[PDB]
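Structural overview for review
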Amino acid sequence: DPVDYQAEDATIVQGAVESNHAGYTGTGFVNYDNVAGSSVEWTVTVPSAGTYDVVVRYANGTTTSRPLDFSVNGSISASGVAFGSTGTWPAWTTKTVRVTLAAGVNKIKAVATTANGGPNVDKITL
Ligand SMILES: [Ca+2]
Ligand SMILES: [Ca+2]
């Protein structure tokens, strides 16, 4: 139904696939490098054009938000989405971002806007 798209199987720019915090799904997660512009870009397929709720499963073991810009097929989707603390790195949490998609194959990209980089990201589901 909802379909999982694992971060570690996506296109990663300035990040690393890791597995040293428990509770991820798939074979690991992406640890964004601690730079602005680090990103993950998923290739997804949906049956019809329209709105989709993209459920981002992430962790942030710090008190500082790590915001992401989301874009869809190269156009901004959601700007400045905060990813706040989860207390600990294994405390994976979800946040929903609504992204407009075309029927069929689309790319969804989440890029870090601050020098902190992104939260750790397990997957998106939609
Ligand atoms: Ca990081
Ligand atoms: Ca994963």
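Residues numbered from 1 in each chain as written, not as in the entry; some residues may be left out. Chains lettered and ligands numbered in written order. Heavy atoms only, no water.

**Some remarks on the side chain of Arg 66**
Inclusion rule: Helix and strand assignments follow DSSP, with helices taken as H or I runs no shorter than four residues and strands as E runs no shorter than two, numbered in order from the N terminus. Buried means the residue's accessible area, taken with a 1.4 Å probe over protein chains only, is under 20% of the maximum for its type, while exposed means over 50%, and partly exposed covers the values in between. Here the positive residues are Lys and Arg and the negative ones are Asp and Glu; neither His nor the chain ends is included. By salt bridge we mean one thing: a side-chain nitrogen of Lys or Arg within 4 Å of a carboxyl oxygen of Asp or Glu. By the criterion applied in these results, polar contacts are pairs of N or O atoms within 3.5 Å in which, for protein atoms, one can donate a hydrogen and the other can accept it, and in which residues neighboring in sequence qualify only through two side-chain atoms. Contact between two residues is taken to exist if any of their heavy atoms lie within 4.5 Å; hydrogens are not considered.
Note that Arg 66 resides in the loop between β6 (50-59) and β7 (68-72). Although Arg 66 is buried, it forms no salt bridge, and the closest oppositely charged side chain is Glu 18 at an N-O distance of 9.6 Å. Within the structure, the side chain of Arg 66 is placed 3.1 Å from the backbone oxygen of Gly 118, a separation counted as a polar contact. Those residues within four positions of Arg 66 in sequence are excluded, and the remaining contacts are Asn 34, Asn 60, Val 81, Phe 83, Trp 89, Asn 116, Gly 117, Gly 118 and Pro 119.

**Comments concerning the UniProt feature "domain: CBM6" in the chain**
Where we set the bar: UniProt positions are given in the numbering used here, feature names are shortened, and annotations may be inferred rather than shown by experiment.
The residues that UniProt annotates with the feature "domain: CBM6" are residues 3-126. From the first C-alpha to the last, residues 3-126 spans 5 Å; its make-up is 0% helix and 55% strand.

**Notes on the coordination of the calcium ion (ligand 2)**
Test applied: Only nitrogen, oxygen and sulfur atoms qualify as donors, provided they sit within 2.8 Å of the metal or within 3.2 Å for Na, K and Ca; with water excluded from the atoms, sites may seem incomplete.
Protein coordination at the calcium ion (ligand 2) comes from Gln 6 (OE1), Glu 8 (OE), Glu 8 (OE), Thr 25 (O), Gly 28 (O), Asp 122 (O) and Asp 122 (OD), with a distance range of 2.3 to 2.6 Å. Here the donor residues for the calcium ion (ligand 2) map to a single chain with the spacing Q-x1-E-x16-T-x2-G-x93-D. Residue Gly 28 is found in the loop between β3 (15-18) and β4 (29-32), and its partner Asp 122 is found in strand β11 (residues 120-125); the two are separated by 94 residues along the sequence. Of the two residues examined, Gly 28 and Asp 122, each falls in the buried class.

**A word on the environment of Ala 59**
Residue placement: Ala 59 occurs in strand β6. The sequence separation of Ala 59 and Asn 120 amounts to 61 residues, and the corresponding C-alpha distance is 5.2 Å. Among residues more than four places away in sequence, those in contact with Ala 59 are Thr 86, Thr 88, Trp 89, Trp 92, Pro 119 and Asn 120.

**Remarks on the coordination of the calcium ion (ligand 1)**
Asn 31 (OD1), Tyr 32 (O) and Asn 34 (OD1) make up the full set of protein donors to the calcium ion (ligand 1), lying at 2.3 to 2.5 Å. Within one chain, the residues donating to the calcium ion (ligand 1) are spaced in sequence as N-Y-x1-N. Classification of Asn 31 by relative accessible area gives partly exposed; the value is 21%.

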